[PDB]
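Report on the following structure.
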Amino acid sequence: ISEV
Amino acid sequence: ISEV
Amino acid sequence: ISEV
Amino acid sequence: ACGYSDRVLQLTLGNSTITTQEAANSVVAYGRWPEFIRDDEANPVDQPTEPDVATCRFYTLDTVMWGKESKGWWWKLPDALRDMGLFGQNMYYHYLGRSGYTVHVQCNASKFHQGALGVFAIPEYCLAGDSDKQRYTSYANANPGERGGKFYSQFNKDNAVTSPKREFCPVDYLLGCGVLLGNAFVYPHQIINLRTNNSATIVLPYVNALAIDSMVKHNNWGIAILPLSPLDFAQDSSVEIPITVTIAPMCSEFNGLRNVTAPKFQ
Amino acid sequence: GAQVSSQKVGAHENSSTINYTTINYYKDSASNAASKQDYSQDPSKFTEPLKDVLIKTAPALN
Amino acid sequence: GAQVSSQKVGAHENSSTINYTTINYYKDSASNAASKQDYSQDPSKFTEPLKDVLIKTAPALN
Amino acid sequence: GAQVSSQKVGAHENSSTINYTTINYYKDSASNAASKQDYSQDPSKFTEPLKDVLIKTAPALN
Amino acid sequence: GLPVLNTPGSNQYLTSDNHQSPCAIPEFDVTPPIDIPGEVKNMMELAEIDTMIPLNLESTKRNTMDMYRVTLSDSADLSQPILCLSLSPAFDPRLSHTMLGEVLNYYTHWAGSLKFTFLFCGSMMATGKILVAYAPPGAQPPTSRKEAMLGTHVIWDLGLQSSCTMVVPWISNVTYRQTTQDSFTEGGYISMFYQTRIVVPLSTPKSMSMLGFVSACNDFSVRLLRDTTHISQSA
Amino acid sequence: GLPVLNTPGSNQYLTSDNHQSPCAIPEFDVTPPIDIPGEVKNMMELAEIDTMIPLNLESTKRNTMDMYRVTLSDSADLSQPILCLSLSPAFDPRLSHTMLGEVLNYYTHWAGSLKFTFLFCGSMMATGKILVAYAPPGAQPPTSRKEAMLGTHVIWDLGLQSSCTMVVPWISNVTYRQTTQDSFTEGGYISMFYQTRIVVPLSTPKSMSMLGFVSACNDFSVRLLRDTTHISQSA
Amino acid sequence: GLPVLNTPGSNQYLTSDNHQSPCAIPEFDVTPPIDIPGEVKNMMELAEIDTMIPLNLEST
Amino acid sequence: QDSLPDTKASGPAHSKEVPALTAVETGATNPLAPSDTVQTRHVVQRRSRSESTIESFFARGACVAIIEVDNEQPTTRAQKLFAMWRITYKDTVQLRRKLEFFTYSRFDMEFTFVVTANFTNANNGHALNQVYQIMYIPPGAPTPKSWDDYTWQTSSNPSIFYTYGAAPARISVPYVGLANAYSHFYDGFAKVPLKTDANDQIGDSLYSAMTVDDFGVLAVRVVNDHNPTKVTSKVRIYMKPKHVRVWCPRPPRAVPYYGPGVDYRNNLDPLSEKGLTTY
Amino acid sequence: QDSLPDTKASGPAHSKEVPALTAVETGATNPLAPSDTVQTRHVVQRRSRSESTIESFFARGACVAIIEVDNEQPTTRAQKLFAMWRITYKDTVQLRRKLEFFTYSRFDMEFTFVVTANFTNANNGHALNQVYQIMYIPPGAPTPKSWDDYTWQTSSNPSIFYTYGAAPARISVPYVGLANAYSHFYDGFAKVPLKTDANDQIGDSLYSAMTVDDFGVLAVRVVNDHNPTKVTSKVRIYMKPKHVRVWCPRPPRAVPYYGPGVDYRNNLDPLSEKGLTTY
Amino acid sequence: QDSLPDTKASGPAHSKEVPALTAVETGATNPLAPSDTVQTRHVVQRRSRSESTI
Ligand SMILES: Cc1cc(CCCCCCCOc2ccc(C3=NCCO3)cc2)on1
Ligand SMILES: Cc1cc(CCCCCCCOc2ccc(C3=NCCO3)cc2)on1
Ligand SMILES: *C(=O)CCCCCCCCCCCCC
Ligand SMILES: *C(=O)CCCCCCCCCCCCC
Ligand SMILES: *C(=O)CCCCCCCCCCCCC
């Protein structure tokens with residue numbers, strides 16, 4: 001995933 | 001998760 | 001995830 | 001230690017001191033002492049005026065008389081103080097003003113007198129009116145100043161449709177606003193039961209949906225005094241004792257300076 | 001980004017801690033359902049707004 | 001928060017242990033489906049409520 | 001491939017940082033919703049297009 | 001296209017439900033909170049505040065300031081009850097409109113201990129001893145102090161501490177009682193009597209008012225939210 | 001918007017289904033359990049409890065206390081059966097309404113061993129030997145002790161231990177029999193005969209009752225839940 | 001077939017909404033950007049520019 | 001593993017141990033297996049009681065009520081423009097009898113609503129799709145006098161807005177009893193007559209009834225204004241216990257039900273005629 | 001863990017500590033427990049205030065408005081081909097009274113729309129399914145004069161296109177107040193009369209009213225062109241506060257509401273008649 | 001973080017720096033804040049231009  |  |  | 005008591009208090013603000021040998025402790029509304037607007041809750045950008053000792057001091061209002069037919073008295077804040085020394089001037093020269101208050105209600109009688117006063121501090125005390133006409137109470141009538149207003153035992157509808165009085169019609173057991181008086185105790189309050197105490201002391205924080213507002217357009221707090229139990233003495237059917245209200249502004253600050261507001265009170 | 005919490009189980013089947021899962025789909029927090037895990041506070045600011053709060057076993061007036 | 005369990009497989013295809021997955025979506029446990037994994041117990045509180053429970057090979061009355 | 005970000009929470013329930021999740025389902029970026037996390041810039045190319053930009057406390061003309 | 005199957009409940013609208021929905025005004029700059037005094041986290045906080053009981057709902061006293069005033073006197077019939085009242089916090093006419101009564105009228109079930117506080121509004125020269133009581137349900141409602149003495153009770157001595165509090169302890173069969181009137185979930189009886197009598201000196205008033213207050217002890221709770229009979233609207 | 005495709009079964013309502021659904025009363029404070037005695041985890045626990053067989057459904061004895069009483073006597077015709085009964089636990093009129101019979105009437109299929117317990121309610125001075133039997137299906141139903149002897153049987157001697165138990169062992173072709181009457185899944189025959197005879201002394205009753213009981217051995221099970229013919233309702 | 005339940009709001013059209021939708025012209029070769037002068041990121045940038053007030057709105 | 005016990009290989013016996021003999025006067029049931037009275041082989045048992053578990057026995061949606069409601073022009077005589085049903089499992093017999101195998105119970109409850117409608121009269125034009133409101137009114141709350149008065153504002157009562165043609169409506173309810181378990185049987189009264197009572201009406205109650213309104217009511221109406229032509233609808237309510245626990249077993253109801261209590265009136269002859277020595 | 005305090009085992013007393021005595025003149029409520037005045041046992045308390053939390057008290061969709069709109073042939077007299085509603089919780093009484101237990105509030109707001117329709121006249125043929133437009137018009141925006149004029153282009157205003165028969169429409173709204181909290185009560189005016197004013201109309205305002213348009217309006221229309229036969233529809237609006245916070249408690253409204261302010265007119269007799277010494 | 005600039009506490013002035021004076025002939029807009037011409041308090045600014053983004 002990509003957590004920003 | 002919970003594996004039973 | 002966030003487990004509370 | 002030494003000899004101190006809940007009943008004996010001294011209040012000192014500015015050049016004014018109050019003493020009382022018969023108090024019933026004292027109340028801080030909602031557990032919040034009055035304070036100034038914090039930088040992180042601030043909204044007008046201009047440097048405020050804080051007059052301090054010249055405005056935050058004890059202004060005593062005109063005495064009212066409590067008798068066997070007295071149904072109750074009410075005041076609105078800051079309105080009761082609009083003409084009180086430099087507080088009044090600061091209030092009218094500025095668009096914005098916020099202030100907390102120490103309210104001290106005074107009523108002494110004697111060990112043989114009887115009666116109980118309910119002293120209530122109400123946030124946003126909207127009152128009911130005269131008419132078939134809704135929300136029609138005029139500015140001049142909504143704001144009696146120092147003089148305050150009164151309650152009534154029942155609703156007398158102002159009938160004269162041609163020249164309406166545009167006044168409130170505050171019915172006592174309805175707290176003048178459509179609810180029951182018995183429940184007014186959820187508001188910050190004290191009781192002056194004459195066998196117990198001379199006076200009531202309530203400290204009010206600034207309460208509003210905004211950090212600051214127009215004092216001329218809007219009252220923050222309403223003071224309601226009702227006889228929870230009627231005055232009585234020996235057997236004299238026409239007893240009469242004084243009630244004196246003394247109020248002090250606290251942590252007063254003002255924004256938006258310009259020319260003075262002159263409201264039309266006629 | 002899934003959120004996992006325990007349910008307060010009322011009536012138990014003849015089968016311990018049971019959970020449920022929540023995922024916000026929208027950017028605006030206004031769009032969100034209610035968490036309903038709400039903390040409580042003291043009535044004291046209403047029941048005891050006194051400057052000198054006194055202990056119940058001692059005289060209210062002294 | 002997904003829950004994973006084995007199914008008791010009855011008729012088997014010509015293809016071992018097979019599972020299924022469950023996720024509670026709601027806060028209230030009342031909203032939940034039935035787990036149906038139910039444990040059993042002894043009939044004894046009904047079939048033998050005796051103060052002195054006796055062994056079947058010995059005399060009931062003695 | 002899930003994307004997780006914090007929401008700017010306005011009105012808070014009586015329950016901290018809250019997130020939401022996003023997943024693109026289509027190959028064409030045209031199909032995508034708006035991220036709405038938009039950066040800002042200086043008005044200067046419009047408010048001060050001067051070759052010699054001057055400090056506000058000093059004379060505009062000198 | 002993920003293969004899905006619509007279950008029962010699909011496309012319904014439950015008033016009680018808790019779901020996400022699209023925001024009609026996106027990216028709105030919300031006004032931040034400021035610390036306003038008086039914040040409430042739970043309705044029961046309000047039921048724990050003492051509010052004044054309309055104890056006197058007699059024909060000419062009800063819907064009048066006098067409905068809050070019970071008269072005590074040095075010449076009252078000492079065999080008689082000062083007041084009698086049912087323990088029905090949401091239903092009994094004297095309790096149903098107090099702040100406790102009002103919150104409970106938005107719920108179907110209540111449970112917990114209650115406390116009644118009485119205020120003597122007489123002159124300081126006035127003395128007297130009063131018995132106030134609570135009888136749990138099931139027997140004859142008390143008509144005499146002799147019977148009332150036998151249940152839960154406080155003997156109030158008048159003096160510098162103006163007020164007395166009688167706690168009505170949670171004594172019930174069911175875990176939660178109904179907010180409506182019902183013999184199966186009934187709460188019992190409250191009553192008041194003269195232990196001695198009001199005694200005054202000469203040149204003093206022989207008659208005076210007593211005020212009553214009610215609130216919830218900290219073990220009190222309510223459940224099953226419902227609409228109240230205390231407000232309505234015509235066509 | 002996740003691309004989905006609705007499968008068959010969509011928007012149907014299956015009475016047997018097992019799905020989640022929205023709670024109509026959110027955050028309700030549920031009354032906790034207390035440890036009540038007598039908890040049941042499975043319907044078969046009830047079928048393992050001995051209940052009394054209505055063995056005598058003759059014209060004037062049925063729907064009467066006597067339907068539970070079989071008469072034994074010292075002068076009975078010893079060639080004749082004391083009683084004859086079909087092994088149809090949910091269907092045979094004598095078995096179908098016992099607690100075993102009742103639970104089985106909510107299911108379509110049964111399997112396992114059964115046990116019949118008989119109680120001699122005669123005087124203590126009374127003696128006798130009885131043969132009780134079970135014939136698996138397929139042959140002529142026993143009319144004589146000679147034939148009954150050849151199958152599964154218990155020779156009961158009366159005495160201080162009042163009661164005798166005959167276990168009917170699971171002997172079947174199919175893995176599960178039907179709860180209804182059906183020759184393809186039939187259970188066989190139960191019968192009772194005098195091995196010797198009831199003998200009493202003088203000044204004693206020559207005639208007495210026998211009571212019968214039935215329950216399930218621990219290997220017993222049921223499947224396919226269904227509605228019972230034993231309850232109904234008019235328009 | 002994943003068991004789903006349709007919530008309120010289902011099949012509505014909100015003008016303010018923010019959702020994905022199928023691309024009608026797949027694999028289209030898009031013309032790349034070039035650096036044009038004068039780009040705006042926010043409407044307030046325009047309100048910070050001095051514009052001339054119509055101060056005199058008298059009849060003529 | 002939930003299978004039943006394997007049968008043990010059992011041989012001949014000549015002993016002083018007598019499992020076949022017993023005394024049912026004790027209150028106990030003889031714990032016998034076939035191996036105690038007959039020669040048995042070894043069987044590896046695979047059968048299971050999975051379907052007779054309390055949950056599995058009740059895990060089925062039962063019809064407990066049929067509510068009829070009309071949508072037509074509001075006239076001035078008695079009409080069904082809205083209807084009210086007292087929540088109960090007792091207007092129906094089937095589920096009632098299953099629940100009554102036990103004295104006490106505790107469970108969450110699932111409500112499923114099947115709604116059907118039809119035209120009453122041959123023809124006055126037609127009707128557009130109807131939305132139905134099902135309002136729960138807990139004991140104490142204001143009950144409607146009119147199909148569209150203020151109570152239907154439902155600000156605190158739970159309500160379902162069902163659109164006709166959609167899949168049947170479904171909600172779940174917690175264990176909402178005032179006690180620690182639901183009482184399927186109550187041997188007693190809600191009031192006691194006292195010697196000191198004025199009339200002897202004051203202390204009179206219904207035997208075995210507990211609270212007057214038990215769980216409140218469901219108020220059903222058609223939210224649409226009426227068409228020219230009349231539409232009649234019926235709401236069928238299906239009830240399923242879930243997360244079930246039960247206490248103290250009872251004999252099943254053997255004769256027909258006669259109202260809400262254990263009362264019987266007739267058909268007290270449940271059993272057939274069968275000859276003693278007739279197979 | 002949200003359970004209430006356990007009851008403590010309390011014994012006999014003979015002391016100078018007197019919790020039963022107090023003085024309510026102070027403004028405070030006596031903090032007493034049963035153990036302070038009676039002998040008590042130890043109870044392990046499992047009950048909880050979960051359902052009386054501010055969120056749980058308001059977590060319910062209340063009916064705040066009924067908007068009626070027609071689809072018929074555009075004639076030249078006053079018609080309902082479109083309608084407008086001023087957004088308010090005050091045309092209805094139920095939610096209004098719940099919100100009014102408090103002076104100030106802050107919350108996000110969920111709007112759910114139930115739309116119903118019917119045929120007006122016995123018969124002129126029928127109608128095809130209607131699409132409804134619900135346009136929000138914030139204070140300042142152009143208001144429609146006609147059911148299909150340019151305003152309905154809704155380029156910047158938020159709009160819902162509801163198809164009849166679909167599940168009820170639902171949207172969420174942020175906390176949109178101009179202040180830091182919504183004022184359920186405003187003791188004051190929006191204008192002040194000044195001595196220097198020309199007429200004394202100039203400084204006249206409504207008591208307790210704040211901004212003239214408060215939150216703007218909802219404009220509802222049927223997007224379809226008219227059928228031969230007329231169809232009447234009603235949009236019911238359900239409002240739910242969520243992520244709720246409240247300040248300064250108030251006594252509940254005890255007499256009937258008389259318009260938007262605290263004004264009363266009649267039925268000022270809320271309380272029943274009951275004898276002082278009558279249980 | 002997308003909030004606008006905090007207002008700085010600004011005092012009295014008696015100086016040769018004159019931000020109030022300028023020349024719009026240049027083409028530029030005067031970059032002034034209230035603190036440049038009036039005495040201001042410190043405000044911690046939480047407002048944002050989120051809704052006026054293109
Ligand atoms: C006696 C007895 C009774 C029972 C069953 C008790 C079930 C109690 C349920 C009480 C609440 O029922 C509701 C039904 C429907 C709804 C509903 N809300 C929105 C529309 O439907 C709410 C509550 O078990 N023993
Ligand atoms: C006074 C007072 C008022 C309140 C409630 C305030 C809620 C304010 C909401 C304002 C916006 O309302 C909208 C309603 C509907 C829509 C809508 N957009 C598309 C169709 O519906 C948009 C905004 O609390 N106190
Ligand atoms: C955190 O959320 C990462 C895990 C995500 C698991 C899959 C979620 C499927 C639902 C995504 C919803 C996207 C809505 C815009
Ligand atoms: C534990 O559940 C973490 C993993 C979650 C996987 C994605 C689940 C997608 C469904 C989420 C349902 C949310 C319902 C409110
Ligand atoms: C990254 O996305 C890996 C995690 C995916 C989690 C499950 C997502 C379920 C939705 C998949 C949508 C596919 C659409 C073509």
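By order in the structure tokens, chains are A, B, ...; within a chain, residues start at 1; ligands start at 1, following the order shown.
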
Quick one: residues within 6 Å of residue E:5, only C-alpha atoms, excluding same-chain residues fewer than 3 positions away - as a list in words?
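Answer for this query is residues 4 of chain C; 19 and 20 of chain E.
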
Give me the residues near residue A:3 as a ChimeraX atom specification, where near means some atom within 10 Å (using only C-alpha atoms) and where sequence neighbours in that chain fewer than 6 positions away do not count.
/E:1 /G:2-6,19,21

Take the selection from the previous step and output its residues with N, CA, C and O atoms, as a compact mmCIF listing (two decimals), in the first residue's frame.
```txt
# COMPACT_ATOMS: atom_id res chain seq x y z
N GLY E 1 -5.76 0.92 5.23
CA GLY E 1 -6.37 1.91 6.12
C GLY E 1 -7.54 1.46 6.98
O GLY E 1 -8.15 2.26 7.68
N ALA G 2 -3.80 -0.05 -2.63
CA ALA G 2 -4.55 0.96 -1.88
C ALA G 2 -3.76 2.15 -1.34
O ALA G 2 -2.63 2.07 -0.85
N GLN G 3 -4.38 3.29 -1.50
CA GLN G 3 -3.84 4.58 -1.10
C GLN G 3 -4.47 5.12 0.19
O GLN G 3 -5.69 5.26 0.27
N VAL G 4 -3.70 5.43 1.23
CA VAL G 4 -4.26 5.87 2.50
C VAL G 4 -3.79 7.24 2.97
O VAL G 4 -2.60 7.48 3.19
N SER G 5 -4.75 8.12 3.21
CA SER G 5 -4.44 9.49 3.62
C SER G 5 -5.24 10.03 4.78
O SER G 5 -6.35 9.57 5.04
N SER G 6 -4.70 11.02 5.48
CA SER G 6 -5.45 11.67 6.55
C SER G 6 -6.49 12.66 6.06
O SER G 6 -6.28 13.41 5.12
N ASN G 19 -8.32 8.61 8.92
CA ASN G 19 -7.97 8.40 7.53
C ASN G 19 -9.09 7.93 6.62
O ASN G 19 -10.17 7.53 7.04
N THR G 21 -9.53 5.71 2.59
CA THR G 21 -8.83 4.87 1.63
C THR G 21 -9.31 5.03 0.20
O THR G 21 -10.49 5.14 -0.07
```

Can you build me a table of chain I residues sitting at most 9 Å from ligand 1, with the closest atom pair per residue and its distance in Å to one decimal, using only C-alpha atoms and all ligand atoms, sorted by chain and residue number, as a tab-separated table?
```
residue	atom	partner	partner_atom_place_in_ligand_line	distance
I:23	CA	ligand 1	18 (N)	8.6
I:24	CA	ligand 1	18 (N)	5.1
I:25	CA	ligand 1	22 (C)	6.9
```

At most 12 Å is the cut-off: for each residue in chain K with any atom that close to an atom of chain J, write down the nearest atom pair and the distance in Å rounded to one decimal, counting only C-alpha atoms, chain first then increasing number, as a tab-separated table.
```
residue	atom	partner	partner_atom	distance
K:160	CA	J:8	CA	11.6
K:161	CA	J:8	CA	10.3
K:162	CA	J:8	CA	11.1
K:163	CA	J:8	CA	11.3
K:166	CA	J:6	CA	10.2
K:167	CA	J:5	CA	9.7
K:168	CA	J:5	CA	11.4
K:169	CA	J:5	CA	10.7
K:170	CA	J:5	CA	10.2
K:171	CA	J:5	CA	12.0
```

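The space separating atom CA of residue K:248 from atom CA of residue K:101 comes to 8.5 Å.
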
What's the 12 Å shell around residue D:236, counting only C-alpha atoms, without same-chain residues fewer than 6 positions away, as a count of residues only?
8

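Environment of ligand 5, defined as every protein or nucleic acid residue with an atom within 12 Å of it and counting only C-alpha atoms and all ligand atoms, comprises residues 1, 2 and 3 of chain A; 1 and 2 of chain E; 1, 2, 3, 4, 21, 22, 23, 24, 25, 26, 27 and 28 of chain G; 1, 2 and 3 of chain H; 1, 2, 3, 4 and 5 of chain I; 2, 20, 21 and 22 of chain J.
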
I need the residues in stretch 12-99 of chain I that are strand (DSSP E) according to DSSP; give them as a PyMOL selection string.
chain I and resi 39-40+51-52+70-73+83-86

Please dump the current selection as a PDB file, in the first residue's frame; keep C-alpha atoms.
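Below is the file that was written, out.pdb:
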```pdb
ATOM      1  CA  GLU I  39     -29.435 -24.716  30.496  1.00  0.00           C
ATOM      2  CA  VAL I  40     -29.818 -26.677  27.260  1.00  0.00           C
ATOM      3  CA  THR I  51     -40.433 -40.044  29.252  1.00  0.00           C
ATOM      4  CA  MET I  52     -43.514 -42.157  29.846  1.00  0.00           C
ATOM      5  CA  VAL I  70     -50.474 -51.747  31.016  1.00  0.00           C
ATOM      6  CA  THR I  71     -52.214 -54.384  33.151  1.00  0.00           C
ATOM      7  CA  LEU I  72     -50.365 -57.474  34.227  1.00  0.00           C
ATOM      8  CA  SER I  73     -52.061 -60.319  36.165  1.00  0.00           C
ATOM      9  CA  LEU I  83     -47.980 -55.697  24.163  1.00  0.00           C
ATOM     10  CA  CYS I  84     -46.884 -55.329  20.526  1.00  0.00           C
ATOM     11  CA  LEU I  85     -45.507 -52.101  19.002  1.00  0.00           C
ATOM     12  CA  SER I  86     -43.765 -50.843  15.822  1.00  0.00           C
TER      13      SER I  86
END
```

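Taking atom CA of residue H:155 as the reference point, atom CA of residue H:57 is found at 25.1 Å.
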
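Here atom 23 (C, counted along the ligand's line) of ligand 2 and atom CA of residue L:110 stand 9.5 Å from one another.
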
Considering only C-alpha atoms, return as a VMD selection string whatever protein or nucleic-acid residues lie within 8 Å of stretch 178-193 of chain D, sequence-local ones (same chain, fewer than 5 positions apart) excluded.
(chain D and resid 27 to 30 107 114 to 122 128 172 to 173 198 to 202) or (chain E and resid 46 49) or (chain H and resid 46 49 to 54 68 98 to 99 121) or (chain L and resid 24 to 27 249 to 257 262 to 264)

To check your reading of the model: which residues sit at most 8 Å from ligand 2 when counting only C-alpha atoms and all ligand atoms? Write the answer as a VMD selection string.
(chain H and resid 24 to 25) or (chain J and resid 14 to 16) or (chain L and resid 87 to 89 105 to 106 108 to 109 111 133 to 138 157 to 160 171 to 177 182 to 184 214 to 218)

Write out as CSV a residue-level contact list of chain H versus ligand 3 with cut-off 12 Å: for each qualifying residue the closest pair of atoms and the distance in Å to one decimal, counting only C-alpha atoms and all ligand atoms, rows sorted by chain and residue number upward.
```
residue,atom,partner,partner_atom_place_in_ligand_line,distance
H:2,CA,ligand 3,9 (C),11.7
H:20,CA,ligand 3,14 (C),11.1
H:21,CA,ligand 3,14 (C),11.8
H:22,CA,ligand 3,15 (C),11.2
```

Hey, what's within 9 Å of residue I:151 if we count only C-alpha atoms and toss same-chain stuff fewer than 5 positions away? As number ranges by chain, please?
I: 133-136

What would the file look like if the residues just selected were written as a short mmCIF file (atom, residue, chain, number, x, y, z; two decimals), in the first residue's frame with N, CA, C and O atoms?
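Everything below was put into part-v3.cif:
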```
data_model
loop_
_atom_site.label_atom_id
_atom_site.label_comp_id
_atom_site.auth_asym_id
_atom_site.auth_seq_id
_atom_site.Cartn_x
_atom_site.Cartn_y
_atom_site.Cartn_z
N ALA I 133 -38.82 -58.10 23.82
CA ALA I 133 -38.09 -58.30 22.58
C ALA I 133 -38.16 -57.32 21.42
O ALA I 133 -39.10 -56.55 21.24
N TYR I 134 -37.11 -57.37 20.59
CA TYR I 134 -36.96 -56.58 19.39
C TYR I 134 -36.51 -57.46 18.23
O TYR I 134 -35.47 -58.10 18.20
N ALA I 135 -37.37 -57.45 17.24
CA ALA I 135 -37.13 -58.13 15.98
C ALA I 135 -36.80 -57.11 14.90
O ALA I 135 -37.63 -56.24 14.58
N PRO I 136 -35.58 -57.08 14.35
CA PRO I 136 -35.29 -56.32 13.15
C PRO I 136 -36.17 -56.64 11.95
O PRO I 136 -36.71 -57.74 11.83
#
```

Taking only C-alpha atoms into account, which residues of chain D are within 6 Å of chain L, as a CSV table (one decimal) with N, CA and C atoms, in the first residue's frame?
```csv
chain,number,residue,atom,x,y,z
D,24,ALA,N,-23.4,31.9,51.5
D,24,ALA,CA,-23.6,30.5,51.4
D,24,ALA,C,-22.6,29.9,50.4
D,25,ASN,N,-21.3,30.1,50.8
D,25,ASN,CA,-20.1,29.8,49.9
D,25,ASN,C,-20.3,30.7,48.6
D,124,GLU,N,-27.6,33.4,27.3
D,124,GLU,CA,-28.6,33.7,26.3
D,124,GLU,C,-30.1,33.7,26.7
D,125,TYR,N,-30.4,34.4,27.8
D,125,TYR,CA,-31.8,34.5,28.3
D,125,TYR,C,-32.8,35.1,27.4
D,126,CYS,N,-33.2,34.4,26.4
D,126,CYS,CA,-34.3,34.9,25.5
D,126,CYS,C,-35.6,34.9,26.2
D,128,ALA,N,-39.9,35.7,26.4
D,128,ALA,CA,-41.2,35.8,25.6
D,128,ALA,C,-41.9,37.1,25.5
D,135,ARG,N,-41.4,37.2,17.9
D,135,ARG,CA,-40.1,37.8,17.8
D,135,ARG,C,-40.1,39.3,17.6
D,136,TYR,N,-41.2,39.9,18.1
D,136,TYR,CA,-41.5,41.3,17.9
D,136,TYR,C,-41.1,42.3,19.0
D,137,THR,N,-40.5,41.9,20.2
D,137,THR,CA,-40.1,42.8,21.2
D,137,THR,C,-39.1,43.8,20.7
D,177,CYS,N,-39.9,32.2,29.6
D,177,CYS,CA,-39.5,31.7,28.3
D,177,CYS,C,-40.1,30.3,27.8
D,178,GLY,N,-41.2,29.8,28.3
D,178,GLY,CA,-41.8,28.6,27.7
D,178,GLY,C,-41.4,27.3,28.4
D,179,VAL,N,-40.5,27.3,29.4
D,179,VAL,CA,-40.1,26.2,30.1
D,179,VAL,C,-40.6,26.1,31.6
D,183,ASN,N,-37.0,23.7,36.8
D,183,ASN,CA,-35.8,23.3,36.1
D,183,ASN,C,-34.7,24.3,35.8
D,189,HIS,N,-26.4,29.1,39.8
D,189,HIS,CA,-27.4,29.7,40.7
D,189,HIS,C,-27.0,29.6,42.1
D,190,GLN,N,-27.7,30.4,42.9
D,190,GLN,CA,-27.6,30.3,44.4
D,190,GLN,C,-29.0,30.7,45.0
D,191,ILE,N,-29.3,30.3,46.2
D,191,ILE,CA,-30.5,30.6,46.8
D,191,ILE,C,-30.3,31.5,48.0
D,209,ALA,N,-21.0,31.7,21.5
D,209,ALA,CA,-20.6,30.9,20.4
D,209,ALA,C,-19.5,31.5,19.6
D,210,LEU,N,-19.0,32.7,20.1
D,210,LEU,CA,-17.9,33.4,19.5
D,210,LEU,C,-16.9,33.9,20.6
D,217,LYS,N,-25.5,45.0,20.5
D,217,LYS,CA,-26.5,44.1,19.9
D,217,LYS,C,-27.0,42.9,20.6
D,218,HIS,N,-26.1,42.4,21.5
D,218,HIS,CA,-26.3,41.1,22.1
D,218,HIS,C,-25.9,40.9,23.6
D,219,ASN,N,-26.9,40.5,24.4
D,219,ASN,CA,-26.6,40.2,25.8
D,219,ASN,C,-26.2,38.7,25.9
D,262,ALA,N,-24.5,55.8,19.9
D,262,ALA,CA,-25.6,56.4,20.7
D,262,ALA,C,-27.0,55.7,20.4
D,263,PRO,N,-27.4,54.7,21.1
D,263,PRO,CA,-28.6,54.0,20.9
D,263,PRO,C,-29.8,54.9,21.2
D,264,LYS,N,-30.9,54.7,20.5
D,264,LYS,CA,-32.1,55.4,20.8
D,264,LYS,C,-33.0,54.6,21.7
```

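Candidate residues H:113, H:64, H:10, H:172 were compared for distance to chain I, and the nearest is H:10, using only C-alpha atoms.
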